Amino acid sequence: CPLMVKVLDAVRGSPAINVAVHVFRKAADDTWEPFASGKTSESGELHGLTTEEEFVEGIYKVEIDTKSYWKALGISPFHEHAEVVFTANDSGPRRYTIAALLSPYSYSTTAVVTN
Amino acid sequence: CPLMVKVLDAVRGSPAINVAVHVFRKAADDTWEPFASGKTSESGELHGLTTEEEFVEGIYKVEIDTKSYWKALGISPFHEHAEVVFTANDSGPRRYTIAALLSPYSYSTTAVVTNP
Amino acid sequence: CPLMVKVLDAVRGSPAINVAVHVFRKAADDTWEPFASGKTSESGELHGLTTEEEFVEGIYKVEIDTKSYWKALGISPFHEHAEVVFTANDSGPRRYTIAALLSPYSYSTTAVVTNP
Amino acid sequence: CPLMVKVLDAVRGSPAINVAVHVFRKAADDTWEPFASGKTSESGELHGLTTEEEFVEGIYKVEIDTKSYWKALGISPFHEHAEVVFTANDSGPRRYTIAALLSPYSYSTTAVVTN
Ligand SMILES: O=C(O)[C@H]1O[C@@H](Oc2cc(O)cc(/C=C/c3ccc(O)cc3)c2)[C@H](O)[C@@H](O)[C@@H]1O
Ligand SMILES: O=C(O)[C@H]1O[C@@H](Oc2cc(O)cc(/C=C/c3ccc(O)cc3)c2)[C@H](O)[C@@H](O)[C@@H]1O
């Protein structure tokens, strides 16, 4: 599992559950091609997006659909989505975790890249 | 000034200086049209991107060129750019400050929205 | 103004208003002596805590009373207060801005340190 | 394990390893009594601090020794330590995770409280 996503809710102090996540890969023509998607689990995690074989070097975009999350909780949020855009590099460690901490008017995202 | 950007560097404890910022607006055909651009000052602020008249309702993307910023400092960061996407002015005109706190493998962003 | 505090509310996208702030300084005997206190303005800023003369070298604790802030808004938060502890002025006088971004189960804080 | 700590490094994009963590409980006289301590693991985590039986309601302080962490990496940091002060409440979910994301001049901490 070379790419995982973890999403946390800073208002409730919980994992952010049932958040839609869409991953795209940047194509040669510089458009964003759908790559993988899913919804976060009860633990705020989304595993199984891709495989080592398919996750080649390139630029990827992870879009986290924060607006729908907040609206489902009855809260009015600022963003349309949270977006994380990065280059996958083979010279780095093998596993990418993209973590995001959500608030209605803010977020904070880090990458944890490990062997 | 209805849209302003503030960027801080969490490594050095300073304003993030000379950070390029490109703003796009979603057009009727659903693509991202270039809207305004600039770079942060010595105070990490970017003023004067647009005007009240031009900043109409829509969906805007503020791309903060964090990779270019880190590379110019000779460091290899993780993200390409921090993107902030939001609907603006859909309850009338507001003033928006988009703030970002940058580290090489992480960034934070928040919005401060005021009603003049 | 060598020590200033800025607090933002990540729930409402606004300055955090009327947030109490207590600053302590570690005394020679190792306890936390009260140093200055104030509350944030309508802009979420707190100026005038101290002076250049009084703000000598030392270890300072800035306690931001986030629980009191959230409770006054009728919400039940997780932390008691955000504490920011740092050595100041140990390479000569500097100006410090302590910024904090608050949510009920989370907060961020960064420092901006400038040399006049 | 009612209390866990997770520490991440926002400069390196990694877990923060071998970070000292000290937990205190606020005593009746309002002093801070040592309660539990340890160093984060290779995954940036510290488990086994306490037990359900010992972790009673009260105010706790988790001090993360960030200054030593940064200095060991050759980096000059701003803070003496990161401090997380909170009330443990039995009406809430059973497990507290205190997460912290470190930079030299900044940090960000959340609580994930789950069943
Ligand atoms: O199940 C697991 O292995 C772990 O899940 C962990 O949850 C995570 C996992 C992860 O890869 C990253 C985070 C990141 C927290 C974070 C905190 C602040 C911020 O600005 C951004 C992110 C939390 C729990 O914190 C830990 O307590 C548990 O053990
Ligand atoms: O628009 C607003 O109401 C306010 O936003 C403010 O934006 C700032 C300015 C500043 O000096 C620091 C900050 C700190 C932002 C911050 C962002 C992310 C984080 O994790 C921690 C702090 C924000 C402007 O300083 C103020 O002039 C304006 O008024």
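Residues numbered from 1 in each chain as written, not as in the entry; some residues may be left out. Chains lettered and ligands numbered in written order. Heavy atoms only, no water.

- As recorded in the PDB entry, chain A goes by TRANSTHYRETIN and comes from Homo sapiens.
- Per the PDB record, the entry is named "Transthyretin binding heterogeneity and anti-amyloidogenic activity of natural polyphenols and their metabolites: resveratrol-3-O- glucuronide".
- Heading Function of the UniProt record for chain A holds this comment: "Thyroid hormone-binding protein. Probably transports thyroxine from the bloodstream to the brain."
- In its Sequence similarities section, the UniProt entry covering chain A states "Belongs to the transthyretin family." (UniProt positions renumbered as here; feature names shortened; annotations may be inferred.)

- Naming follows the PDB entry, where chain B appears as TRANSTHYRETIN of Homo sapiens.
- What UniProt records for chain B under Subunit is the sentence "Homotetramer. Dimer of dimers. In the homotetramer, subunits assemble around a central channel that can accommodate two ligand molecules. Interacts with RBP4."

### Quick word on the overall build of chain B
Thought 1: In terms of helices and strands, chain B carries 1 helix and 9 strands.
Thought 2: Helices (α) and strands (β) of chain B occur, in sequence order from the N terminus, as β-β-β-β-β-β-α-β-β-β.
Thought 3: In terms of C-alpha radius of gyration, chain B reaches 14 Å, essentially the compact-globule figure of 13 Å for 116 residues.
Thought 4: For chain B, the C-alpha atoms occupy an extent of roughly 40 × 30 × 20 Å along the three principal directions.
Thought 5: Taking all 116 residues of chain B together, the buried fraction comes to 53%.
Thought 6: Contacts spanning at least 24 positions in sequence make up 59% of the contacts within chain B whose residues lie at least 6 apart.
Thought 7: Accessible surface, chain B as shown: approximately 5,000 Å² in total, 49% of it carbon and sulfur. (Helix = DSSP H or I, 4+ residues; strand = E, 2+ residues; numbered from the N terminus. Rg over C-alpha atoms; globule rule 2.2 N^0.38 Å. Buried < 20%, exposed > 50% of the residue type's maximum accessible area, 1.4 Å probe, protein only. Contact = heavy atoms within 4.5 Å. Areas by Shrake-Rupley, 256 points an atom, 1.4 Å probe, with all protein chains shown as cover.)

### Things to note about the site of ligand 2
Thought 1: Within the structure, ligand 2 sits among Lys6, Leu8, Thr97, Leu101, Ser108 and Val112 of chain B together with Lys6, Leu8, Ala99, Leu101 and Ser108 of chain C.
Thought 2: Nearby residues place ligand 2 at the junction of chains B and C.
Thought 3: Take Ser108 of chain B: an N or O atom from its side chain is 3.0 Å from an oxygen atom of ligand 2.
Thought 4: Expressed as a share of its isolated accessible area of 610 Å², the protein-covered part of ligand 2 is 78%. (Near = heavy atom within 4 Å. Polar contact = N/O pair within 3.5 Å; in protein donor to acceptor, adjacent residues only side chain to side chain.)

### Brief notes about the layout of surface pockets
Thought 1: Size it by volume and the largest pocket reaches roughly 1,200 Å³.
Thought 2: What lines the largest pocket is a set of 50 residues, and nearest its centre among them are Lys6 and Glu45 of chain A together with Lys6, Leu8 and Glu45 of chain D.
Thought 3: Put simply, the parts of the chain that give the lining of the largest pocket at least two residues each are β1 (3–9), β2 (14–15), β8 (95–103) and β9 (106–114) of chain A together with β1 (3–9), β2 (14–15), β8 (95–103) and β9 (106–114) of chain D.
Thought 4: In the lining of the largest pocket, the residues fall into 24 nonpolar, 18 polar and 8 charged.
Thought 5: Estimated volume of the second largest pocket: approximately 970 Å³.
Thought 6: Around the second largest pocket, the lining is made up of 36 residues, and of these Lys6, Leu8 and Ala99 of chain B together with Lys6 and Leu8 of chain C lie nearest the centre.
Thought 7: Of all elements in the fold, only β1 (3–9), β8 (95–103) and β9 (106–114) of chain B together with β1 (3–9), β8 (95–103) and β9 (106–114) of chain C reach the threshold of two or more residues within the lining of the second largest pocket.
Thought 8: The residue inventory of the lining of the second largest pocket, partitioned by class, reads 16 nonpolar, 14 polar and 6 charged. (1 Å grid on protein atoms, 1.4 Å probe; cavity = no way out; pocket = protein on both sides within 12 Å on 5 of 7 lines; lining within 4 Å. Points joined across faces, edges and corners; volume = space filled by probe spheres on them. Nonpolar A, V, L, I, M, F, W, Y, C, P; charged D, E, K, R; others polar.)

### Description of the UniProt feature "binding site: L-thyroxine" in chain A
Residues and elements named next belong to chain A.
Thought 1: With numbering aligned to this structure, UniProt lists the feature "binding site: L-thyroxine" at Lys6, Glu45 and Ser108. Those annotated residues lining the largest pocket are, specifically, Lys6, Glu45 and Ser108.
Thought 2: Note on placement: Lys6 falls in strand β1.
Thought 3: Only 2.9 Å separates the side chain of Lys6 from the backbone oxygen of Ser43, close enough to count as a polar contact.
Thought 4: By the element assignment, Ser108 lies in strand β9.
Thought 5: Of the residues examined, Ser108 reaches a relative accessible area of 13% and is grouped as buried.

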